[PDB]
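Visitor: Residue numbers (the authors' numbering), protein chains in the order written: chain B, 10 to 261; chain B', 10 to 261; chain B'', 10 to 261; chain C, 180 to 238; chain C', 180 to 238. A prime marks a further copy of an entry chain.
The structure's right below; bear with me while I get my questions together.
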Amino acid sequence: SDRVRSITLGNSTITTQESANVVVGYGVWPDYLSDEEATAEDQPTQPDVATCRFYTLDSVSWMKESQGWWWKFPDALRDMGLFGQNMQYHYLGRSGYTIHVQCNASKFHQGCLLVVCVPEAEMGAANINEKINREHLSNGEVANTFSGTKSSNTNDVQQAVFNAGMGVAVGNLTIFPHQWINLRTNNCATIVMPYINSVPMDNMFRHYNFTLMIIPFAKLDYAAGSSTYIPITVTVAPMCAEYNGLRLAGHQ
Amino acid sequence: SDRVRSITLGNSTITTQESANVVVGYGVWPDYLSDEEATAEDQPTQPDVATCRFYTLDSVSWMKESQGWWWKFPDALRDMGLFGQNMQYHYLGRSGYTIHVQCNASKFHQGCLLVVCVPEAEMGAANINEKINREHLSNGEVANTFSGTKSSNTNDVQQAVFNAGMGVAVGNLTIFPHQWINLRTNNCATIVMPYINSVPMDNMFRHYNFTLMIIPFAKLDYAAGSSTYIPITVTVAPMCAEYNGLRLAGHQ
Amino acid sequence: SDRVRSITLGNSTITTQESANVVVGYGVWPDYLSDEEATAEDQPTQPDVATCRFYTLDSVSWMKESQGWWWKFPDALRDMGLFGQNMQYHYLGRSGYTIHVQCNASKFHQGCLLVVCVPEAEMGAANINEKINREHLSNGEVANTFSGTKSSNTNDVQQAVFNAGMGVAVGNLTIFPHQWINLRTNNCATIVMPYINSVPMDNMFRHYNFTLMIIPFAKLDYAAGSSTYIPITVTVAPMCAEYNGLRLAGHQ
Amino acid sequence: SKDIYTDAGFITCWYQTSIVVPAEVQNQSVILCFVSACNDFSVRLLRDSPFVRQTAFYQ
Amino acid sequence: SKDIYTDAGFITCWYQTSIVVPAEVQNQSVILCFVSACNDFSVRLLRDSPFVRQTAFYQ
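Have a look at this one:
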């Protein structure tokens, strides 16, 4: 059967028995920068399997009235070992990513998730002509949470699920590489993003590459007696990462 | 897997994901009348895909103490569009049929149905030496209902499940083309009847070709909390239909 | 699918639809004694299919606080027809065995069984320097039951589950040919024992060849409303049996 | 746009039997609908969208 | 045995999401752990076991 999938990277392994199908990107597999498109001149550091491995983010609890979560991935992987350190000592960096989102339930549960990778998700502010603080955009490994009604916290992102922060219809977000975690039949939110930017290498702290979003369209709903605590765990692995421009320790 | 089946006729399509196996007839597939067995002399009307398509009959509700249902198919398809109109303007007609009976439940339900196509099911009257009205035999798209005890309505069919109306043992009705809708494992009550008569073409109103029967042997039974309303929908498509002897509008 | 298995011996047949995999022995299939390793001189009796067939032992009820069961198989098959009679008239005997242990539940149940065949399971006494009665070791077709705490019945086996009667750690019993009856996914406790002894043929009454044990590690546990009575049935068939040294009726 | 010469039809959905659930399973569920185009879909006349609206310059 | 020059590491297990069950199904379940060796496992120095203990002869 094709419901079984094993993913091996570095020294970590994820096995799923109720997978559906692994999505890979816009058709492109991640690969190192060729020397016909390169700009920087010194020798890049393709480190080892020391960074190309799975890192586990924190878990969020999916309740009956939860709305959505998001992360910022060149910034969310800032303290995960040698990826975080090679981020903090280099000026340029470049990497693809393999995101594996877990969530499980029983056969008596119902509910549906949407897992999108949105490149260049430029968030909008809550009050209109006002600056946004860096903590309200990206909180490291900690997820920021959408709301149902419009929000008006000062220096905060406008966080309504029916606009997804950017200002589009949320039913139109299926144009990006995505899957669905239907609790009837899925656990395989696997999305192999290639590197997507308009420069061949870029800074990790100053630029956010993309944004993972987990938006439940058909809400979690269960009968009385089932397990009410259903966690969601996001696991992410960088792929084909390389670094360039070594200098002293960066901006924490 | 062979649990999946798609049936395409005309401009209608039925997909099933928990089918078991499609039965086809007495081994014979429906086909147009050859000109070595034909009797009428003028050119027949094989109309189009305009009649060879699926038509949906009304739904009956299967309760805990329901007994059985029956239909009369050259008469039950009398108002389903162009099949009904070509019935009403022609003298002779001839058609096979593809009957698809739906019923679904959950895995916590139990109960078993029997779906038979009975050719020439000559019904018996309730009081013995008395005429039968046409409305008690065939009620169009509306199912007539058996009973558990013997019935004594005037000008009505003797409707006991342990005799099936005709006067035989109901456990012997598995000699006709049949399947079982076991709610554990079925939804595929598909039976492809060929044309069975002792004349090569016949009248649609004056003669009833066969009788569908849905008799639950192992009754529907469920625990408290499950969905109590379980409908049964019968879908029927004529196949290889042709018509002959055009005259004015018939008997409604 | 390989979840289906049919086993035919003599005039008996066991079909399973949720099997996992049939284990066969230490790699050896049962076979008759060759005449290069034989010791006795007269012609052996390989009877018929009259003994190589499945015999059903009694059923034990698996409760929430049950601990374990055991049997003694050249003695447990002492009254099962012609196997028992050919045991009672012959001096030597020799046979392999095919043991099939049944247990079923629903998908809402949980619990795990361990099914081991332990050769030469020399049991220990409850009080230390005291004889053991034959009824406390082997009770025919009736299972003897371990306990949770240490036992002190006079002339009885020391029956604690955490020592399995012999005096070893019970988690080390997976060195013998074994399977698990996980109620999530199994019913196939099938173990094809070859003949294991240090003499080419042996007496059936004086020597016990091996000991079946059913020890639940993860206990049976269910929610309120499910069927509380879960039986366990053990079926055993001798294979390649032959007998030698005919004399008068033996010791009952 | 809407004119009477090029009306296009209707999309309806009907219960065929029912929803049948066992005990202690929620009855009320949710169907999601998608839409897309085939490999023979085509558009012809550039016009401006009736949804863009601007009153003054954005500064 | 235990010495500080050849410490070997740690084995931990962490909830990744949760256990999610439907209604009228028991929440509290049981995981069983096994252990074995690979096809490159090797041992070297015969010594006596630290678990065998005898005080007088067994008679």
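Even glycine gets a Cβ: it sits at the ideal position worked out from N, Cα and C.
By the three-class DSSP mapping on this structure, what secondary structure does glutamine 76/B' have?
Guide: DSSP places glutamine 76/B' in coil when its eight states are reduced to three.
Visitor: By DSSP, does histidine 99/B sit in helix, in strand, or in coil?
Guide: In the structure shown, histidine 99/B sits in a strand (DSSP, three-state: E or B).
Visitor: Which one or two residues does DSSP pair with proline 128/B' in a beta bridge?
Guide: Beta-bridge pairing links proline 128/B' to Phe219/B'.
Visitor: Thinking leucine 18/B and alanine 178/B are a contact (beta carbons under 8 Å), I'd like their distance in whole angstroms, please.
Guide: About 35 Å; that fails the 8 Å criterion.
Visitor: Checking contacts by CB at 8 Å: is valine 204/C closer than that to chain C'?
Guide: Yes, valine 204/C counts as interfacial toward chain C'.
Visitor: Looking at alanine 130/B: is its Cβ nearer than 8 Å to the Cβ of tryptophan 78/B?
Guide: It is not a contact, given that the beta carbons lie outside the stated cut-off.
Visitor: How about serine 156/B' and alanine 135/B': do their beta carbons lie closer than 8 Å?
Guide: Contact: no.
Visitor: Just to confirm my understanding: we take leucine 257/B, look at its own chain, exclude 5 residues before and 5 after, and list those with CB closer than 8 Å. What are they?
Guide: So the qualifying residues of the chain are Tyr98.
Visitor: Is the shortest distance between the beta-carbon of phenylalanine 219/B and the beta-carbons of chain C less than 8 Å?
Guide: Answer no: the Cβ-Cβ gap between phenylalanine 219/B and chain C never drops below 8 Å.
Visitor: Do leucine 221/B and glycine 120/B come within 8 Å of each other at the CB atom, strictly closer than that value?
Guide: Taking 8 Å as the Cβ cut-off, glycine 120/B and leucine 221/B do not qualify as a contacting pair.
Visitor: Decide if the region 233-242 of chain B is in contact with the region 69-83 of chain B; the criterion is three or more beta carbon pairs, one per stretch, under 8 Å apart.
Guide: As far as the Cβ criterion goes, the region 233-242 of chain B touches the region 69-83 of chain B, which means the pair count is three or higher.
Visitor: Which residues of chain B have a Cβ atom closer than 7 Å to the Cβ of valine 209/C, listed in chain order?
Guide: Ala227, listed in chain order.
Visitor: For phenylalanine 220/C', count neighbouring C-beta atoms within 10 Å of its own C-beta (all shown protein chains included) and say buried if the count is 16 or more, exposed if not.
Guide: So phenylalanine 220/C' ends up on the exposed side.
Visitor: Given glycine 93/B'', which residues of its chain have a CB within under 8 Å of its CB, disregarding the five upstream and five downstream residues?
Guide: Hits under 8 Å: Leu86, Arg87.
Visitor: For chain C', is any of its Cβ atoms less than 8 Å away from the one on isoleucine 241/B?
Guide: It does; some Cβ of chain C' falls within 8 Å.
Visitor: Beta-carbon of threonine 185/C versus every beta-carbon of chain B': anything under 8 Å?
Guide: For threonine 185/C, the answer is no, since every Cβ of chain B' falls outside 8 Å of its Cβ.
Visitor: So is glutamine 238/C in contact with chain B' if we call contact Cβ pairs under 8 Å?
Guide: No, its Cβ sits nowhere closer than 8 Å to a Cβ of chain B'.
Visitor: Sort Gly149/B'', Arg143/B'', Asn181/B'', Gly176/B'' by Cα distance to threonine 163/B'' and report the nearest one.
Guide: For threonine 163/B'', the nearest C-alpha among the options comes from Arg143/B''.
Visitor: For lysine 116/B, which residues in chain C' fall below 9 Å Cβ to Cβ?
Guide: Neighbours of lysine 116/B on chain C', chain order: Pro201.
Visitor: Check whether the Cβ atoms of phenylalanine 185/B and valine 125/B sit closer than 8 Å, and answer yes or no.
Guide: Yes, they are a contact pair.
Visitor: Using a Cβ cut-off of 9 Å, pull out every chain B' residue sitting near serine 215/C, in sequence order please.
Guide: Ordered by position in chain B', no residue passes the 9 Å Cβ test against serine 215/C, which lies about 18 Å from the chain.
Visitor: Based on the DSSP output, what are the partners of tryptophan 189/B' in its beta bridges?
Guide: In the DSSP output, where bridge partners are listed per residue, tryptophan 189/B' has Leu123/B'.
Visitor: What does DSSP give as the partner residues of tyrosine 238/B' in its beta bridges?
Guide: DSSP lists no partner for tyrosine 238/B'.
Visitor: Find out if the Cβ-Cβ distance for the pair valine 32/B, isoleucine 200/B is shorter than 8 Å.
Guide: Yes, Cβ-Cβ distance for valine 32/B and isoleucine 200/B is below 8 Å.
Visitor: Cα-Cα, which of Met89/B', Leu123/B', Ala250/B', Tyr35/B' is closest to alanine 227/B'?
Guide: Comparing Cα positions, the closest option is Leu123/B'.
Visitor: Mind checking which residues open and close the alpha helix (DSSP H) that includes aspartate 84/B'?
Guide: It spans 82-85 - the alpha helix (DSSP H) in which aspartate 84/B' sits, taken as one unbroken run.
Visitor: Listing by chain order, which chain C' residues have their CB less than 8 Å from the CB of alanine 233/B?
Guide: Those are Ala202, listed as they occur along chain C'.
Visitor: Pop quiz: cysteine 249/B'' and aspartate 84/B'' are said to be a contact at Cβ under 8 Å. What is the actual Cβ separation, rounded to whole angstroms?
Guide: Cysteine 249/B'' to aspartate 84/B'', Cβ: 19 Å. No contact.
Visitor: Quick one: which chain C residues come within Cβ less than 9 Å of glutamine 119/B?
Guide: In chain order: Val204, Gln205, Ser208, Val209.
Visitor: From this set, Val214/C, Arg226/C, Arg223/C, which residue's C-alpha is nearest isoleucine 190/C's C-alpha?
Guide: It is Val214/C.
Visitor: For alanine 49/B, which residues from the same chain have a beta carbon less than 8 Å from its beta carbon, with the 5 sequence-adjacent residues on both sides left out?
Guide: Counting only Cβ-Cβ distances below 8 Å, and skipping sequence neighbours, we find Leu101, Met210, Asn253, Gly254.
Visitor: Cβ of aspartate 230/B'' less than 8 Å from any chain C' Cβ?
Guide: Answer yes: the Cβ-Cβ gap between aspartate 230/B'' and chain C' drops below 8 Å somewhere.
Visitor: What do you reckon, are the CB atoms on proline 201/C and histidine 118/B' nearer than 8 Å?
Guide: Yes, the Cβ-Cβ distance between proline 201/C and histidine 118/B' is below 8 Å.
Visitor: Report the rounded CA-to-CA distance for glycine 149/B' versus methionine 96/B', giving the unit in angstroms.
Guide: For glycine 149/B' and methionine 96/B', the distance between alpha carbons rounds to 14 Å.
Visitor: Leaving out the 5 sequence neighbours to the left and right, which residues in its chain are closer than 7 Å to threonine 60/B' when beta-carbon positions are compared?
Guide: Counting only Cβ-Cβ distances below 7 Å, and skipping sequence neighbours, we find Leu91, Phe92, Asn95, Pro247, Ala250.
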